[PDB]
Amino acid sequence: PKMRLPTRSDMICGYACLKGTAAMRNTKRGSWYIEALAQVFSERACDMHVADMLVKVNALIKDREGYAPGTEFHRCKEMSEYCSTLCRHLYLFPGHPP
C-alpha cells in the first residue's frame, strides 16, 4: 500500500513559439523569448511563481512585432506557450536564505 508515481510528472516546459511556426531571433539581441524570460525572471522570481512568470512572458511576446522593413516579414509575430505537469506552486525563493 505505498504511494506510487505516474511515469512522468512535476515538469514545466516553456516553448518560444507555437506548433507549425518558427521563432523570432535578433542577430544583435538574441531571441525575443530568451530576452523576455530573463527580464521577467530577474524582476519577479522574488514574488511570482514560475508558471505565472511564464504567463507574463507570454504577455511580453504577444505584444512584440518584427522590425524588418523590406522583406514582407516586417510587423511579423510570434507566440510563446508553456505546458505543465506541476502539482504545487514553483517559487524559486531567490537570495533566501543568505
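Here the rigid core means the biggest group of C-alpha atoms that line up within 1.5 Å when the two forms are laid on top of each other. Each residue number is its position in the shown sequence, starting from 1.
Rigid core fits of the other structures in 5 other deposited structures of this protein place the C-alpha atoms of one stretch farther away on average; of 72 to 80 and 13 to 21, that stretch is 72 to 80. When the mean C-alpha temperature factors of 75 to 83 and 7 to 15 are read from the deposited coordinates, 75 to 83 comes out higher. 63 to 71 and 37 to 45 differ in mean CA B-factor, and the higher of the two is recorded for 63 to 71.
In the deposited entry, the Cα temperature factor of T27 places it in the highest third of its chain's modelled residues.
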